[PDB]
Amino acid sequence: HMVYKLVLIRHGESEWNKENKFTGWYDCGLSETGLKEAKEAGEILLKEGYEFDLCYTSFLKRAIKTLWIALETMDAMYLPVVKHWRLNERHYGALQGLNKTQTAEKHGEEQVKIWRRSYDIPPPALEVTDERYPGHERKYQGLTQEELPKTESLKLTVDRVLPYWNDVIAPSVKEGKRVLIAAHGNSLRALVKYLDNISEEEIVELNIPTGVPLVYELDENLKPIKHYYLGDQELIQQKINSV
Amino acid sequence: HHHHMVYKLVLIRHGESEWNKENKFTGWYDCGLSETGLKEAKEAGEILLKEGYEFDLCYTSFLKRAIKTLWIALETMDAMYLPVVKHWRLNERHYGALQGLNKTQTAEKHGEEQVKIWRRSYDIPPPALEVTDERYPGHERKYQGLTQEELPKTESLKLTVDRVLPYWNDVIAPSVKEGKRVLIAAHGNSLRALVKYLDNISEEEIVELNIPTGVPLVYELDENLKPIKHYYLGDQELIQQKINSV
Ligand SMILES: [Cl-]
């Protein structure tokens, strides 16, 4: 029986996180803390003997830079990297760019909480003529109108991520390539919801810590055997339990 | 008669490396960029933005001084999402048993004249590594896909050309002909090999060609990938200053 190891990294604090703005597909960079966390994740992987053959990341520079920093730290900069929009963060619709506190003062704390934490209720949608509509970005020129999001719930993020796992990433894993994925909270949640068959009720409660390698050991059918976080388990638990 | 095409290919030689600063032969030794090399990569990105260049596909080597140059350029250009292909056939010329040795030390070991022959010849390679030497690339995980014939113990410019051009013909040239706007971030001798082929440059001429670091080099290629013209981007007087003082 085969065992494959898959490693996931959620990027750390972004510039817009620090500024208390909804981000979604807005393409902001990492903050100094996010940059520090990317290097920390690389150092942990190097200390623990992790070696990779192939890396995946999103089209968003906060995840791409996380991967590049990790690879530089691991002296693995020559490795093949595949970037794809299907690993993007959940799209935040017409909330993108807005201050979270002002948005809650305007529309109500509970309504914003629903937009943030519901499985299936999306934030308000963009119109295609909005400056923020992804169809205006050259990076999304290849997307059909059905693929370009105006807003996403976690449910819709799952529907977008899982085809990429099934058609592209999983075959690479089955080939024996040791894969590292650097991506985002909701797209990594989508992946682990599929792998561990997590209920809608449980997945909305799952908080993947930032800057912490998450390792899945998968059997010959890519069914999980076990998973674990790398690092100081006391510090990891604190990262998990903070919101 | 046939339909005219104009393809644009952009080449960037990486800037100063840490071992450049230390006056060491580098070759396939995988050293990083110096602070000046880091700055040059940003400057190249800025000029490409200023001059209106956008890209669809990037190639670089397995050596981090070139990869880092590409990554800095892409960050500067807000093009970090673009597909990147890295391949050892774009590596710098291998300098054999001189790698890591200081240039002044090497003049001691071998004499000024023999060193200049190895530096400036077309097909006289420097002393070769033994496979038991820690510097032999077979020891590196990154090269485990190479055959024994592919692992270099030393290279002349000729052997570098022999290694680069199959990659151009088999991989990069088809991408260019598909219409993908290609950016190549690489090294002095691997970019010499490409331009030797594109412009049909003699051995005598190609050894005198000094591509300036951090300066985008644009080739306009027609529908058959024959060059129409080429030019550097930036302040031409400053570029000539850099070329002249080298
Ligand atoms: Cl890359």
Side-chain angles (χ1 to χ4, degrees), chain A residues 2-7 42-43 45-46 48-57 67-68 70-82 168-182 213 215 217-218, chain B residues 19 26-32 58-68 70-71 83-97 99-100 125 128-133 135-147 149-155 159-160 162-168 170-172 185-187 189-190 193:
Chain A
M2 292 295 270
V3 176
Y4 307 105
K5 291 198 173 189
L6 172 66
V7 182
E43 297 285 4
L45 290 162
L46 183 67
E48 296 284 86
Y50 278 73
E51 295 172 358
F52 301 101
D53 305 308
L54 176 62
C55 306
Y56 289 94
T57 189
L67 172 68
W68 285 354
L71 292 177
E72 180 163 21
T73 302
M74 296 182 298
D75 202 14
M77 291 166 62
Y78 66 91
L79 285 179
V81 169
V82 176
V168 179
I169 302 184
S172 299
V173 174
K174 287 191 72 75
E175 291 165 7
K177 293 183 175 70
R178 293 165 296 182
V179 170
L180 172 67
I181 303 177
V215 181
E217 300 193 7
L218 306 175
Chain B
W19 276 19
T26 306
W28 285 29
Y29 181 82
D30 194 26
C31 69
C58 309
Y59 292 91
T60 186
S61 68
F62 272 16
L63 300 179
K64 65 166 62 88
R65 62 198 188 259
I67 299 162
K68 181 74 168 180
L70 177 61
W71 287 354
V84 172
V85 178
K86 315 185 181 80
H87 200 283
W88 59 271
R89 285 179 177 275
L90 290 174
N91 278 9
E92 179 63 282
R93 171 157 84 86
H94 197 283
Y95 276 74
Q99 292 186 177
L129 295 176
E130 298 288 323
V131 301
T132 45
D133 192 306
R135 297 168 292 172
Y136 179 60
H139 300 290
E140 282 165 88
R141 181 167 82 89
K142 65 176 63 79
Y143 300 128
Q144 285 316 284
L146 278 62
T147 66
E149 304 88 343
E150 285 164 350
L151 291 164
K153 307 168 178 177
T154 184
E155 280 178 337
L159 294 175
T160 300
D162 288 341
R163 157 168 64 75
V164 172
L165 292 192
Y167 195 62
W168 171 258
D170 292 347
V171 182
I172 303 177
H187 312 265
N189 287 295
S190 53

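All heavy atoms count here, side chains included; hydrogens, waters and symmetry mates do not. Residue numbers begin at 1 in each chain, while the letters A, B, ... track the order of the sequences.
For B:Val85, the side-chain contact (heavy atoms from CB on, under 4.5 Å) partners are B:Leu57, B:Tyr59, B:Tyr167, not counting sequence neighbours. Checked against side-chain hydrogen bond (donor to acceptor under 3.5 Å, both in side chains), B:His187 has the following partners two or more places apart in sequence or in another chain: B:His14, B:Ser61. By the side-chain hydrogen bond (donor to acceptor under 3.5 Å, both in side chains) test, A:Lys174 is found to be paired with no residue, residues two or more places apart in sequence or in another chain being considered.
We find the CG-NZ distance between A:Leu79 and B:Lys86 to be 7.5 Å, quoted to the nearest 0.5 Å. If you take CD on B:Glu140 and CZ on B:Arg135, they are separated by 12.0 Å, rounding to the nearest 0.5 Å. One finds the OG1 atom of B:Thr154 at 8.0 Å from the CG atom of B:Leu159 (value rounded to the nearest 0.5 Å). How far CG of A:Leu6 is from CG of A:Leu218: 6.0 Å, rounded to the nearest 0.5 Å. Rounded to the nearest 0.5 angstrom, A:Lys5 NZ and A:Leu180 CG are separated by 13.0 Å. Atom NE2 of B:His139 is separated from atom CD of B:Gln144 by 10.0 Å, given to the nearest 0.5 angstrom.
Between B:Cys31 and B:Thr26, the shortest heavy-atom contact is SG-CG2, 3.9 Å. Smallest separation of non-hydrogen atoms from B:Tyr95 and B:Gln99: N-OE1, 3.0 Å. Among all heavy-atom pairs drawn from B:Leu90 and B:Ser190, the shortest one is O-OG, 2.9 Å. Taking every heavy atom of both residues into account, B:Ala128 and B:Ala97 meet most closely at O-CB, 3.9 Å. Closest of all the heavy-atom pairs between A:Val7 and A:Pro213 is CG1-CB, 4.1 Å. The two atoms that bring B:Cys58 and B:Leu70 nearest to each other are CB-CD2, 3.7 Å, heavy atoms only.
Side-chain contact between B:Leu63 and B:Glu92 is present, with at least one heavy-atom pair separated by less than 4.5 Å. By the 4.5 Å heavy-atom criterion applied to side chains, B:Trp71 and A:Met77 are counted as neighbours. Taking 4.5 Å as the limit, every side-chain heavy atom of B:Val171 sits out of range of all side-chain heavy atoms of B:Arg89. In this structure, the side chains of B:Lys68 and B:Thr60 stay at 4.5 Å or more apart for every pair of heavy atoms. Taking the side chain as every heavy atom from C-beta outward, B:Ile67 and A:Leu71 never approach each other to under 4.5 Å. At a threshold of 4.5 Å between non-hydrogen side-chain atoms, the residues B:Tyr136 and B:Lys153 count as touching.
Side chain of B:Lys64 to main chain of B:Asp30: a donor-acceptor pair is present (N/O by atom type, distance under 3.5 Å, no hydrogens or angles). Put simply, the side chain of B:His94 never gets that close to the backbone of B:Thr160: no donor and acceptor are under 3.5 Å apart.
With respect to A:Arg178 and A:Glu51, a salt bridge is recorded, a charged nitrogen being found less than 4.0 Å from a carboxylate O.
Classification of the B:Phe62-B:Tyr143 ring pair by plane angle, with boundaries at 30° and 60°, yields parallel.
No hydrogens or angles considered: a donor-acceptor pair under 3.5 Å links the side chains of B:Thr147 and B:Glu149.
Only one option out of B:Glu155, B:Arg93, B:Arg163 pairs with B:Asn189 in a side-chain contact (heavy atoms from CB on, under 4.5 Å); it is B:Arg93. Among B:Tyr29, B:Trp28, B:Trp88, the one residue that satisfies the side-chain contact (heavy atoms from CB on, under 4.5 Å) test with B:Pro137 is B:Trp28.
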